[PDB]
Amino acid sequence: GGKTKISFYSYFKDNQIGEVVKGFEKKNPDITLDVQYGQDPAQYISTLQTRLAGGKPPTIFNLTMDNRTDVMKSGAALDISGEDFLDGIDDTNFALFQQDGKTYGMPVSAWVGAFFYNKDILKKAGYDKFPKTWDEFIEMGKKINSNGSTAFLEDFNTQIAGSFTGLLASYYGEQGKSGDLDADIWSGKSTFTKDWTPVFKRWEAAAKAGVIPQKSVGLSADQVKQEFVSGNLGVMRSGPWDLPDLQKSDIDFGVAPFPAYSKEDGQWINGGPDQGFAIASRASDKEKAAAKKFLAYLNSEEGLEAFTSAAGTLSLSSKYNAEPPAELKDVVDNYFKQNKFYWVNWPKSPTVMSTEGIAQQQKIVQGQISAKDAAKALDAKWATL
């Protein structure tokens, strides 16, 4: 077999995955890895699709939230079900990289998001601890707004609202669901009208209470952050990416999971896999073997440390975990490590569906449509994909 040449068409830039590549090459002298780097996500998915269709598909590539089902449906990804290099990563992490019960990709890292709160604003409203349930969150918000302060603002412009997603995650998680929480909808066993309506109702109730305010529509993430840092804002949705700015600020802040839909222990955080890694089904035997060694390295202590530290993400594998920043210890240890994180990762036309969801959430906040109308619009849109 001698040396084996393989290729990797990477979604990740060199500043995120280059140390992994370097380490792998150093430790596998029999494998020559040729890496090409995507320029941006749109360009990545179209260029990868072309390369997978051509005469020389990349041996290793990424399943992203925008191409995962298109690639899997094509047959271009190798079935890696049962491979030993998957060990250490909880099974719920593979749902987004499965088709027909077979595993076609492996995530090793994740992002998270949660509620960041101004302890002083909360204390003034009589709270020494963050609300556990959404109803308590609404009651807390009303009190904060009473004091000329603003309870909560959120960026509704660029994505489905993180607070809504957290509430949705709880709605499902309280029923015993895990992994791909919206799977009843994806599989046609349920609908947005059945399952999202009740969540929209509770989310709408916070809007009607003034806690999700109309002045929040049109705000960017940066504008929300500016209000928080200025001491004007009780609560914002954010994530580890904002910690440096929050620590620099004058704010005594804490970090809490999203309030539960109904149960005292029903809290979830936002989060999801930072893409998946896949091997080409159209590759030589030796190439496949070498690619499996690369996936194994990625899911190793050395690989995981290198990747998560460069990318600023969290490990999904028990072979490595970083010590979280103190402020994030609860959210990491009691939610992320307990698989209580979720994001709506649509399996079809994710841009189309996010756009519709953004439009509907804004109309709910503005009192223009009911919860059931918003859910019916999502069903109507989904039924056309």
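In case it helps, PDB author numbering puts the sequence shown at residues 36 to 420. Beta carbons are placed, not taken as given, at the ideal position from N, Cα and C, and that holds for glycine.
Have a look at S205 and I115 and give me their C-alpha separation to the nearest angstrom.
31 Å
Per-residue burial, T185 [other beta carbons within 10 Å of its own, 16 or more giving buried]:
buried
Top-ranked residue by Cα proximity to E362, from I95, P275, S251, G117
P275
According to DSSP, simplified to helix, strand and coil, what is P92?
coil
For the alpha helix (DSSP H) that contains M271, what are its first and last residues?
Premise fails: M271 lies in the beta strand (DSSP E), 268-273, not in any alpha helix (DSSP H).
Buried or exposed for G347, going by 16 or more other Cβ atoms inside 10 Å?
Flag for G347 reads exposed.
Neighbourhood of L281 by C-beta distance below 7 Å, restricted to the same chain and skipping five residues each side
If we look at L281 and ignore the five residues flanking it on each side, its Cβ neighbours are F151, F288.
Starting from the N-terminal side, write out each stretch of the alpha helix (DSSP H) that is 4 residues or longer and does not extend beyond the region 92-178.
Those alpha helix (DSSP H) runs which fall completely within the region 92-178 and span 4+ residues are 103-109, 154-159.
Count the CB pairs spanning the region 135-148 and the region 106-124 that are closer than 8 Å, and state whether there are at least three.
The answer is yes - the region 106-124 touches the region 135-148, with three or more Cβ pairs under 8 Å.
Across the region 143-162 and the region 382-395, are there enough close Cβ pairs to call them in contact, namely three or more that are closer than 8 Å?
Under the three-pair Cβ rule at 8 Å, the region 143-162 does not count as touching the region 382-395.
When DSSP builds the beta bridges, which residues end up paired with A295?
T168
Could you tell me which uninterrupted beta strand (DSSP E) segments, each at least 3 residues in length, are contained entirely in the region 307-332, listed from first to last along the chain?
Listed in chain order, they are 311-314.
Close-in-space but distant-in-sequence residues of the same chain around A256 (CB under 6 Å, 5 per side omitted)
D190
How many whole angstroms separate the CB atoms of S42 and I52, which I take to be in contact at a CB cut-off of 8 Å?
About 14 Å; that fails the 8 Å criterion.
Roughly how many angstroms separate the alpha carbons of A291 and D277, rounded to a whole number?
15 Å
Taking only runs of the beta strand (DSSP E) that begin and end inside the region 178-260, which ones reach a length of at least 3 residues, in chain order?
185-187
For a test of the three-state rule: what should DSSP assign to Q403, helix, strand or coil?
coil
Which residue's Cα is closest to the Cα of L349: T127, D309, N97, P166?
Restricting attention to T127, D309, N97, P166, the CA atom closest to the CA of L349 is found in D309.
Where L83 and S389 are concerned, what is the direct C-alpha to C-alpha distance, given to the nearest angstrom?
23 Å
Simplified DSSP assignment, three categories, for residue 500:
Residue 500 lies beyond the residue range present for the chain, which begins at 36 and ends at 420; the question has no answer from this structure.
What are the residues that DSSP puts in a beta bridge with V70?
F43
How should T343 be labelled, buried or exposed, when 16 other C-beta atoms within 10 angstroms of its C-beta is the threshold for buried?
Buried, since its Cβ has 16 or more Cβ neighbours within 10 Å.
Rounded to the nearest angstrom, what separates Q403 and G269 at their Cα positions?
Looking at the two C-alpha atoms, the distance is approximately 26 Å.
Below 8 Å on the Cβ atoms is my contact criterion, and I expect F376 with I95 to pass it. Report the Cβ-Cβ distance as a whole number of Å.
With 8 Å as the limit, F376 and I95 do not qualify as a contact, their Cβ atoms being about 26 Å apart.
Are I304 and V147 closer than 8 Å when you measure CB to CB?
yes
Output the distance between the C-alpha atoms of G306 and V259, rounded to the nearest integer angstrom.
Straight through space, the alpha carbons of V259 and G306 are spaced by roughly 20 Å.
Once DSSP output is grouped into helix, strand and coil, what is the label at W303?
strand
Looking at the unbroken alpha helix (DSSP H) that takes in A341, where does it start and where does it end?
336-346
Reduced DSSP secondary structure (H/G/I, E/B, other) of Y370
Note: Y370 maps to helix in three-state DSSP.
Extent of the continuous alpha helix (DSSP H) to which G53 belongs
Judged by DSSP secondary structure, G53 falls within the alpha helix (DSSP H) whose first and last residues are 49-62.
What distance in whole Å lies between the Cβ atoms of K40 and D75, which are believed to be in contact at a cut-off of 8 Å?
Contact doesn't hold; Cβ gap of about 27 Å is too wide.
By a C-beta neighbour count over all protein chains shown, 10 Å radius and 16 as the cutoff for buried, is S273 buried or exposed?
Buried: at least 16 other Cβ atoms inside 10 Å.
Where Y377 sits in the DSSP three-state scheme:
strand
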